[PDB]
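Single-structure report; data block below.
Cβ coordinates were reconstructed from backbone atoms using ideal geometry, including for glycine residues, and neighbour counts include every protein chain displayed. What follows draws every value from the coordinates through simple rules; no lab data is involved.
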Amino acid sequence: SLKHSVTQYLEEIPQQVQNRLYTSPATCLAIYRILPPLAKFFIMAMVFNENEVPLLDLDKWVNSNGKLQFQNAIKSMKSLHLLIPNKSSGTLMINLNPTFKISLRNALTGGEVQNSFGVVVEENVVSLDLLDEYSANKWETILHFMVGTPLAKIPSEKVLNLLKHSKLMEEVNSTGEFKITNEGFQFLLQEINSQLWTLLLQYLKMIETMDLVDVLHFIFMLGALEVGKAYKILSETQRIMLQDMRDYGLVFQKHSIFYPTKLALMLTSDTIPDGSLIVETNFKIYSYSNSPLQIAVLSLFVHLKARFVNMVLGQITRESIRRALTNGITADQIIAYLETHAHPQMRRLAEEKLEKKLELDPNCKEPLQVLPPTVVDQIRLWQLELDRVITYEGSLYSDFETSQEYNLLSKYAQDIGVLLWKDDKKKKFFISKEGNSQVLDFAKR
Amino acid sequence: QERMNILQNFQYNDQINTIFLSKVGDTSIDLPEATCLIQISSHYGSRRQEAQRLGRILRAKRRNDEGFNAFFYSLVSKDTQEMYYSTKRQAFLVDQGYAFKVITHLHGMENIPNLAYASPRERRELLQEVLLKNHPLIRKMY
Ligand SMILES: [Mg+2]
């Protein structure tokens, strides 16, 4: 959902703002890589010709088999307003945006760029020792403060404010603490590339009055920069933006020159495993991971018992699962984490069981489960235990003078989808507190 | 004598294929033909009873034929102390390696022609019954 998320945000932006956004070649190049492969093919054809092509011609290129992909491509391009459909002389002519066409032309042909990609100071620093360590630690710190594990250096107010108001890491003053939510666990599950965009996308919505295009302009060219290089300093809004960028471990400053980091390059949709753990019948967890971040996330629903340098060993318990469920983590998410962080050995034995299953009877092909089904059943059963009681808040209706009135009132509540339960014998029905006013309003009417 | 006769019939006769045993046969009994086991209710928190009873069907003669899997069931009433006992007594098998599967519902059970205490009248009759549970000369005269 990376290209979907970035693309969807661009669509919501008004066309008037999009035109100004396409001014810099850098952002146009980044936006070009987001469109579907067919869209890029048409765009490249149209960038280098200052003419008008009728719509039907582009359709002729697409084969009959790939006709479906044509509909998606044209729809995506039109929504971003990159392609301007002009109708005249009885034909629906097609043309490319003049600003976008010029922007792409300069980048490819090396025309005047107005320092969109930045400048080089020729003062490089060691990437492995400094850039990797700084961003890794800074990104590590924010993650720890999100998973709830104690950490000395808490994040700054800027990122702290962003996390709270967003769905991530819901906080309550009365509780006096911060805890993860259903979306928060998904955020942790998402790979680093999608993990970074979620925070950046939320920040883009947080900024107010700072221009929306300027923030988008800075973010796009940041990926264009190459790690381990200097870049001298930019818009006035981009200045405070650059300092705020340091809070997320994307750019490093000594105190005039800013250095992009691995995360900065990774932003622009760049193309045994650590975290693998063994889940077995005895509800014992053996995670072959050596990293506090992996340990912290595991503790959300695993009762850790001890840790070695090479791995951490723990046990799944009813208390541990309930703790995660209470916060808002769903069981389906938990199994996804277990399945996606499986040990290679588990797959082989599961495949061996499948091979024997096929040998005895090859007529059945069920989706293979890396971890034993018993763990799945118990975890889901515990979820059912927490959902044992279902309660709704609202009001009750009784003592209707006429049966027709009761039916009329009940029927309307069903129409507006606020009727929860009803009994014809007792002439009673219960409605949700949310739709209590609507039912009462209809009663008066 | 009687139990042996029942045991012999259950083994060598095709007519009878099921028996209802008790704690008597919980240990050191050889039943090669036994493959399926059902435990409606048993001895509280005892663990060895669960394992030893499971050993009866581990004796299956046809334990090498392809696709053979002995069946071991433990019917437990929901929302009852039996769950506390049941989870405690099977704590030894899990250590050995056997894993227990939860069966919330048996497919095709409703289509069975007849079931015990299906009508409410029969159920109430059971409820009341279970609730109600707690001189040689003189000899000739006569
Ligand atoms: Mg013996």
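What the table shows:
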item: Measure of compaction for the protein assembly as shown (Cα Rg per 2.2 N^0.38 Å); result: 1.42
item: Size descriptor, Kirkwood hydrodynamic radius, that averages inverse alpha-carbon separations across the range A:232-360, Å; result: 18.4 Å
item: Environment charge at residue A:25 (Cβ cut-off 15 Å; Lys +1, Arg +1, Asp -1, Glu -1); result: +3
item: Whole-Hz ³J(HN,Hα) from phi, Karplus 6.51 cos²θ - 1.76 cosθ + 1.60, for the range A:398-407, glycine and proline x; result: 7, 6, 8, 4, 10, 4, 4, 4, 4, 5
item: Protection proxy ranking, peptides A:380-387, A:263-270, A:63-70, average beta carbon neighbours within 10 Å, highest first; result: A:263-270, A:380-387, A:63-70
item: Listed peptides A:223-231, A:300-308 by packing density, highest first (mean Cβ within 10 Å); result: A:223-231, A:300-308
item: Global form of the range A:145-281, assessed from the alpha-carbon gyration tensor, a/c cut-off 1.5; result: oblate
item: Of A:101/A:232; A:357/B:101; A:158/A:254, those spanning more than 22 Å from alpha-carbon to alpha-carbon; result: A:101/A:232
item: Cα shape, the range A:117-161, gyration tensor, a/c 1.5 rule; result: prolate
item: More than 14 Å apart - percent of Cα-Cα pairs taken over the range B:1-78; result: 66 percent
item: Antiparallel DSSP beta bridges within the protein assembly as shown, as percent of all bridges there, nearest 5; result: 85 percent
item: The range A:17-59-the range A:376-445 distance, computed between alpha-carbon centres (Å); result: 53 Å
item: Rotationally averaged projected area of the range A:40-130 (alpha carbon convex hull; nm²); result: 9.8 nm²
item: Furthest towards positive pole of dipole, A:324, A:301, A:312, structure part the range A:293-392, Cβ charges; result: A:312
item: Assigned charges on the beta-carbon of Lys, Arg, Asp, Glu; chain A dipole about Cα centre (debye); result: 400 debye
item: Mean-position separation - Cα centroids, the range A:114-133 and the range A:140-214, in angstrom; result: 27 Å
item: Selection from B:141, B:12, A:72 lying farthest towards where the dipole of the protein assembly as shown points positive, charges on Cβ; result: B:141
item: Per-residue average of Cβ from other chains inside 10 Å of B:94-100; result: 3
item: For the range B:35-128, the fraction of alpha-carbon pairs in successive 10 Å shells from zero, as %; result: 13, 35, 32, 18, 3
